[PDB]
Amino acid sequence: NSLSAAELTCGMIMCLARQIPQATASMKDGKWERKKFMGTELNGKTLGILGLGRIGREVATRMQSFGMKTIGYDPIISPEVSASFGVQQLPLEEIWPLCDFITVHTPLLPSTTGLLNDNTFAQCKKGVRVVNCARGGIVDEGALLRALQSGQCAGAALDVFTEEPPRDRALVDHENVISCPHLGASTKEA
């Protein structure tokens, strides 16, 4: 249930940091491009977790074992509660500039549609990497594409889309985007 989505989320973080999907595609194309796929060490990097329910918490404790600094926001949870599972809660506007990675684990609500958009992408560190394994639309897909084309977002991992399967292929086809056909709950155990 929740663990299958959390596990996919953590797998997406790893794939963004080390470009494994892109590296595998390169190898199967007969190339050996070690320089192109220089990646990111996760230890010491900051992961922003938006939404601190069950799945957000599971992602947090897994990624803490990699030495990631886990910060986040959830308007239902108090900072004292989030501290108990190791997530430093800050106001959203303080979160954007600090994150190397951002992952969303909110319900899809009016307040969370387009949570990442043109405004908040601009508040991020240049080169932020974004994961959406929750619900399509939490990350504004048009804004995400603009951030990818500018370099403001260095990479994105999407398990979900506003339309499934997506009809607009701009995100899926982007070289810095990794994607899955909504596999979040696709394990035999789940």
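Between two forms, the rigid core is the largest collection of C-alphas that superpose within 1.5 Å. Each residue number is its position in the shown sequence, starting from 1.
- The rigid core fit leaves 28 to 36 as the farther-lying stretch in 7 other deposited structures of this protein, judged by Cα positions and set against 28 to 36 and 152 to 160.
- In this entry, 166 to 174 shows the higher mean Cα temperature factor of the pair 8 to 16 and 166 to 174.
- As recorded in the PDB entry, 33 to 41 is the stretch of 131 to 139 and 33 to 41 with the greater mean C-alpha temperature factor.
- Annotation for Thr103, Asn117, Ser111, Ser82: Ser111 ranks highest, by Cα B-factor.
- Highest C-alpha temperature factor among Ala157, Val59, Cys124, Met27 per the entry: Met27.
- In this PDB entry, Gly67 carries a Cα temperature factor that places it within the middle third of its chain's modelled residues.
- Annotation for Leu47: C-alpha temperature factor in the lowest third relative to the rest of the modelled chain, per the entry.
- In this PDB entry, the Cα temperature factor of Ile76 sits in the middle third of its chain's modelled residues.
- Sort the modelled residues of the chain by CA B factor and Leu92 lands in the highest third.
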